[PDB]
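As a starting point, one isolated chain is supplied in structure tokens, in the form deposited in one PDB entry.
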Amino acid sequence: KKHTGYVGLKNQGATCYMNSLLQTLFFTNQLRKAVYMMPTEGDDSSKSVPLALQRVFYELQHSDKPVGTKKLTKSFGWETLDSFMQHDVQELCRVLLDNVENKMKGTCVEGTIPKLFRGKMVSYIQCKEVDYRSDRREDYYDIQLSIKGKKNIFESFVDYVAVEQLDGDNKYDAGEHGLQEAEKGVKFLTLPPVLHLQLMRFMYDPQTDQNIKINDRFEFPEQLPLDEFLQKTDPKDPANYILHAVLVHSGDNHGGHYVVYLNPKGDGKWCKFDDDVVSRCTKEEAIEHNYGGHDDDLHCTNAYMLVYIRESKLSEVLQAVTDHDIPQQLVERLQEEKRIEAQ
């Protein structure tokens, strides 16, 4: 642990992106502190997902040996390779963050999950020839960006908010106005302090009747200005984002190699987390080397998920955690477990 100050997670079976996600959440310090505050007193140790996350986080913060997850995987039910093949990374994030948000209801940290992670967008449909429009505001906790045909994150976001035509056979059913020509789009109302972006790195290919991986080059910046994708900017807080984590997949399949790059303090000092092995790495190894190979090389290593933190919130999100942020009760609970196990 002393190489970097950070401890790894055991490779325990094939859980694909799990270890990567767990480190990403662990180093969302404000989330971690909120999780320690959950009132898991009466919870049963084997079935409680909130306690199990407390346990993983406690061990990540204090253990100098790699940390196990078997109680965690048992607690939310994904104990086989199939569970991870049949879910996307953001679905596992939703499973975990939903559990702890519900456990935080009625406590001092209620609402921590929404405040850190959920933004607001509006999706619209506008009829060209008649006076009819439909608006639906929608909350989101992650964004799935299209990469195929796009060179970088900015072009992905341009694509995401682009106006789409519904004419010809596409025509919009406008109800009492009949079939109409219209343009459909989405706009961002807000962006959250912690921004979870998944890249669409598998696409359904009819040729094989199965999904294949997209290995194309796709660039993302260390610093991400997003003000121009809001509907209305705030001069008092520009939507400037800072890269926190790069979740990486090497290979073409669920048998590939999953790792995560983080700079946990947000200072641009990066480490690579490869299950039990954590090592310091260059910024290039974390960012540019995970852009993905371009056509010429004749490279299946590339990012599928990025975490950005709003500039204006970085010091709050990444605020230091001391072991006095872990309640004595929980400390004793987990330390009792260690004594039972070691004998």
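Quick note: we count residues from 1 along the sequence shown, nothing fancier. If you superpose the two forms and keep the largest set of C-alpha atoms that fall within 1.5 Å, you have the rigid core.
Does the comparison with other PDB entries of this protein show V307 lacking coordinates in a third or more of them, where both adjacent residues are built?
No, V307 is modelled in every other compared entry.
At least a third of other PDB entries omit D205:
In at least a third of the other entries, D205 has no coordinates.
Determine, for stretches 163-171 and 234-242, which one has the higher mean CA B-factor as deposited.
According to the PDB entry, the answer is 163-171.
Residue range whose averaged C-alpha B-factor is higher in the record, 218-226 or 123-131:
Comparing 123-131 with 218-226, the higher mean C-alpha B-factor belongs to 123-131.
Select one of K115, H87, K184, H249: the residue whose C-alpha shows the highest B-factor in the crystal structure entry.
Among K115, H87, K184, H249, the PDB entry lists the largest C-alpha B-factor for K184.
Can you pull the Cα B-factors for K272, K265, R201, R137 from the entry and say which is highest?
Across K272, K265, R201, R137, the entry lists the biggest C-alpha B-factor for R137.
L298: which third of its chain by C-alpha temperature factor?
For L298, the deposited C-alpha B-factor lands in the highest third.
Lowest, middle or highest third: where is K33 by Cα B-factor in its chain?
Ranked within chain, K33 CA B lands in the lowest tercile.
Which third, lowest, middle or highest, does the C-alpha temperature factor of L330 belong to within its own chain?
Tercile = highest for this residue's CA B-factor.
Which third, lowest, middle or highest, does the CA B-factor of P193 fall in along this chain?
Its C-alpha B-factor belongs to the lowest third of this chain's values.
For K74, does the deposited CA B-factor place it in the lowest, middle or highest third of the chain?
Within its chain, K74 is a middle-third residue by C-alpha B-factor, going by the deposited values.
Only in words, not in the display: the form deposited in another entry, which the text now covers.
Rigid-core-referenced C-alpha movement of 2 Å or more between the shown form and the other one, selected from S250, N211, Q144, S123
Per the superposition, the moving residue is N211.
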